[PDB]
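Listed here are the chains, written in short residue letters.
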Amino acid sequence: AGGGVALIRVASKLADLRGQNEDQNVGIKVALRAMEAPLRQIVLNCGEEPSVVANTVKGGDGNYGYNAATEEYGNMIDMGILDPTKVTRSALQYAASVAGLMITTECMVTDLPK
Amino acid sequence: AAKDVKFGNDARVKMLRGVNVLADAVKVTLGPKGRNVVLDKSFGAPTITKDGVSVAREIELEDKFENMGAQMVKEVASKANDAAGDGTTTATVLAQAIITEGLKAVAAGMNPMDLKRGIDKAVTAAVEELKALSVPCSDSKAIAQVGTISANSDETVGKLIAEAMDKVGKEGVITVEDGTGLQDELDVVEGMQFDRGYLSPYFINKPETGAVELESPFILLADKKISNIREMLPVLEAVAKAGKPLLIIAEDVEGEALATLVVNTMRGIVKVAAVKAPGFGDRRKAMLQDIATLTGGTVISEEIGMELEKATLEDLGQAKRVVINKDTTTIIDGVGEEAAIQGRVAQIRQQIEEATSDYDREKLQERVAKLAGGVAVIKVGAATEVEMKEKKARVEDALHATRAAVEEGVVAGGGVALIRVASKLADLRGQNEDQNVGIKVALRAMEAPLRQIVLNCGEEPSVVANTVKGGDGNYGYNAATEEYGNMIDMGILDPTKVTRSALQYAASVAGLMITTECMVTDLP
Ligand SMILES: Nc1ncnc2c1ncn2[C@@H]1O[C@H](COP(=O)(O)OP(=O)(O)O)[C@@H](O)[C@H]1O
Ligand SMILES: Nc1ncnc2c1ncn2[C@@H]1O[C@H](COP(=O)(O)OP(=O)(O)O)[C@@H](O)[C@H]1O
Ligand SMILES: [K+]
Ligand SMILES: [Mg+2]
């Protein structure tokens, strides 16, 4: 399902995940909180309130979601709003990769501003 | 000096910016999950406080138009603190909401005065609805709940205040002072006490406690300065024949008379103790008259036409026990016909009603407590001084809230009552469309306190607001436990007076701030 609701589905599924350390728990909460960013930004660009729509979508199940073009809810499959699984998986994995690279970076070397 | 003059929207945006600075500093302390603000003091250490008016009274800005905005919105918190003693953060939140919405409506081409009239009409209707929505708060459990909620969910404070209010009575007074230990303690005084000790340590007959104890004495109330013993001979001889102790409450006793008294006390002739008359001036006269009424005696004064030499036993009062320490004198179980006490306290109530300053009113209330009720003192215990100050401020907030809740009743707390009122006033209309817009502005601003409480918890204010608006009755949101339920059943109570006062003062200041067009101030 499109519109950013698949990531909300998985984030709501994974709310029970725990880590071995209080720092690994902060990392797990950081990654799960970032899966709602697409739908929230879509609703923000359309002009509604992201929190109410996100709560309504999380409350639903399956392919329930929000149509941004007509500003109504419904089954995302029936409204014809789809994403291939490869697109979502690739975007999530590459975002996590670059975030991990930037988190463990100790030095940056560049030419002088001259 | 020379001035700077700004017109229209420039003035309004500067003013709103100053309002926003002060409101953003104040609003971080609202609810069970608000935080503390550190205030720098020029003389001393910083103070860490969660009180709205304390934070508001410190804010001053470098820019002059923004400073005007902040100085104007500061009066809401000041006035709410003066009137109710609590509810200043809510008043500031409401004022900021009204100002923001009203400026948005003004920028759309509305007439500011009609918006102000609509806001006034909505607030009047809202106050009537709040009065209709209230319920009495008389049992001790509800008073404990109010004191607990006002002290930032501290059960011990609520229990202590409920016990104090139960013991001291409806006519008594309760004060808060610094303690010496780590635990809060309550000391209640029954009877009349004034802060005057004996004039000579030799009067002490019980060195174990260093206190002068007299059983069934006479009280000689001398409204004059006594230096020569020649005046007291008749009454002293009469009391010596009587065979029971005597107490002198006089303006002062000089060396000769005091020396004669101390010589006689140790010889076993008479049991005499002498203390000073409390107060200075007219209040001293009034309290001597009060002691005369309580003890059933007559004040010996020159201004009425009697002399102390002609005094007899009929002019001397009586008591059951008198205990005098280095600092305080207490008179216990004094003989007096009740009608005199009720009459005196009645008169004192009439000059209570005809009093302007709060100092005079509190002195009169202390007098009424001494004559009829009691006086309770609560000591606050804390390890350091900053902690002591923060806890003492919380205890004072709780005491004020319990007083208000007793005198007017309680409504459901957490911002729910304002939402219920605004839901009830959904069909109110004015004379023209600008007035209807102003009514809508007020009704929308009535939901700001709950939204800020939910923000301070890290939740979503709009989801909770919608869920609470969808319910009926006392249905609300518990921000401490993060659950929905009955506001009354879980003990989240707010006095009606605090809510009404916050709404009134916020509307009064914000309606005027909406109608600005020009601002004149000094130059940088
Ligand atoms: N009518 C719609 N309602 C809600 N979401 C939509 C709709 N149409 C497309 N989307 C979502 O918007 C996203 C498209 O954003 P886009 O600007 O194409 O960014 P990207 O290039 O990263 O895909 C897709 O994830 C799609 O699921
Ligand atoms: N557990 C709770 N759940 C929801 N609301 C609460 C709770 N405890 C207190 N409140 C509300 O929070 C407000 C307390 O804010 P406070 O910091 O006392 O500011 P004020 O100076 O306006 O009283 C009260 O209106 C009260 O109704
Ligand atoms: K506060
Ligand atoms: Mg309070």
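Residues numbered from 1 in each chain as written, not as in the entry; some residues may be left out. Chains lettered and ligands numbered in written order. Part of a larger assembly, values for the part shown. Heavy atoms only, no water. Residues with missing side-chain atoms left out of burial classes, pairs and counts.

The record names cryo-EM as the way this model was obtained, at a resolution of 2.9 Å.

A. Spotlight on the coordination of the potassium ion (ligand 3). Residues and elements named next belong to chain B. Coordination of the potassium ion (ligand 3) by the protein involves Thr29 (O), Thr29 (OG1), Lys50 (O) and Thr89 (OG1), with metal-donor separations of 2.8 to 3.0 Å. Positions of the donor residues of the potassium ion (ligand 3) along the chain correspond to the pattern T-x20-K-x38-T. Taken together, the positions of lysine 50 in the loop between β3 (47-49) and α2 (52-56) and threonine 89 in helix α4 (residues 88-107) put the pair 39 residues apart, joining distant regions of the chain. For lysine 50, a relative accessible area of 22% corresponds to the partly exposed category. (Donors = N, O, S within 2.8 Å, 3.2 Å for Na, K, Ca; no water. Helix = DSSP H or I, 4+ residues; strand = E, 2+ residues; numbered from the N terminus. Buried < 20%, exposed > 50% of the residue type's maximum accessible area, 1.4 Å probe, protein only.)

B. Seen up close, the site of ligand 2. Residue and element names in this part refer to chain B. Around ligand 2 lies a shell of 19 residues, among which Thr90, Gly414, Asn478, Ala479 and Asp494 are the nearest. In this structure, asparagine 478 approaches ligand 2 through a side-chain N or O atom, which is 3.1 Å from a nitrogen atom. In this structure, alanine 479 approaches ligand 2 through a main-chain N or O atom, which is 3.1 Å from a nitrogen atom. Expressed as a share of its isolated accessible area of 580 Å², the protein-covered part of ligand 2 is 88%. Class assignment for the residues of the shell around ligand 2 results in 7 nonpolar, 9 polar and 3 charged. (Near = heavy atom within 4 Å. Polar contact = N/O pair within 3.5 Å; in protein donor to acceptor, adjacent residues only side chain to side chain. Areas by Shrake-Rupley, 256 points an atom, 1.4 Å probe, with all protein chains shown as cover. Nonpolar A, V, L, I, M, F, W, Y, C, P; charged D, E, K, R; others polar.)

C. Representation of the domain arrangement of chain B within the structure. All names here are of chain B. What the domain assignment reports for chain B is domain 1 (1-134 + 410-524), domain 2 (135-190 + 372-409) and domain 3 (191-371). Spacing between the C-alpha centres of domain 1 and domain 2 amounts to 28 Å. Taken together, the contacts link 20 residues of domain 1 with 18 residues of domain 2. For the pair domain 1 and domain 2, the summed buried surface comes to about 1700 Å²; carbon and sulfur atoms form 54% of the total. Considering only the surface of domain 1 that becomes buried against domain 2, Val410, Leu493 and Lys497 emerge as the three largest contributors, covering 29% of it. For the pair domain 1 and domain 2, the number of links is 2 salt bridges. For the side of domain 1 that touches domain 2, the elements supplying multiple residues, two or more each, are β18 (493-495) and α18 (496-514). Across the side of domain 1 that touches domain 2, the residue classes break down as 9 nonpolar, 5 polar and 6 charged. (Domains from an automatic or database assignment. Contact = heavy atoms within 4.5 Å. Buried area = accessible area lost by both parts, 1.4 Å probe. Salt bridge = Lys/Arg side-chain N within 4 Å of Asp/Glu carboxyl O.)

D. Highlighting the packing of helix α4 (residues 50-59) of chain A against helix α17 (residues 461-469) of chain B. For the pair α4 of chain A and α17 of chain B, interaxial distance at closest approach is 8 Å and the crossing angle is 70°. Considering their axes alone, α4 of chain A and α17 of chain B lie roughly perpendicular with respect to each other. The way α4 of chain A lies across α17 of chain B gives a crossing that is right-handed. Two secondary-structure elements touch here, α4 of chain A through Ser51, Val52 and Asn55 of chain A and α17 of chain B through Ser462, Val463 and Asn466 of chain B. For the contact of α4 of chain A with α17 of chain B, the per-class residue count stands at 2 nonpolar, 4 polar and no charged. (Axes fitted to C-alpha atoms, helices over the stretch in contact; angles between N-to-C directions. Parallel < 35°, antiparallel > 145°, perpendicular 65-115°, else oblique. Left-handed = near helix turned anticlockwise from the far one by under 90°.)

E. Broad picture of empty space enclosed by the protein. All names here are of chain B. Taken as a whole, the largest cavity encloses approximately 50 Å³ of empty space. Together, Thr156, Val157, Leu160, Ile161, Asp184, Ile378 and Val395 line the largest cavity. Counting residues per element, the lining of the largest cavity draws most heavily on helix α7 (residues 155-168), at 4 residues. Residues that form the lining of the largest cavity fall into these classes: 5 nonpolar, 1 polar and 1 charged. (1 Å grid on protein atoms, 1.4 Å probe; cavity = no way out; pocket = protein on both sides within 12 Å on 5 of 7 lines; lining within 4 Å. Points joined across faces, edges and corners; volume = space filled by probe spheres on them.)

F. The arrangement of the packing of aromatic side chains in detail. Applying the stated criterion across every chain yields a total of 4 aromatic pairs over all chains. Ring geometry for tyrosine 475 of chain B and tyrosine 484 of chain B: centres 5.9 Å apart, planes at 20°, overall stacked. Between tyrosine 477 of chain B and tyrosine 484 of chain B, the aromatic rings sit 5.2 Å apart at their centres with planes inclined by 55°, giving tilted as the arrangement. Overall, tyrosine 477 of chain B belongs to the buried group, its relative accessible area being 8%. Joined through ring pairs, the aromatic side chains of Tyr64, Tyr66 and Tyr73 of chain A make up one cluster. Above the face of the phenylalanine 65 of chain B ring, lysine 6 of chain B is positioned so that its terminal group lies 5.8 Å from the ring centre. (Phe/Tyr/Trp six-rings, centres within 6.5 Å; stacked < 30°, edge-to-face > 60°. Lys NZ or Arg CZ within 6 Å of the ring centre and 35° of its normal.)

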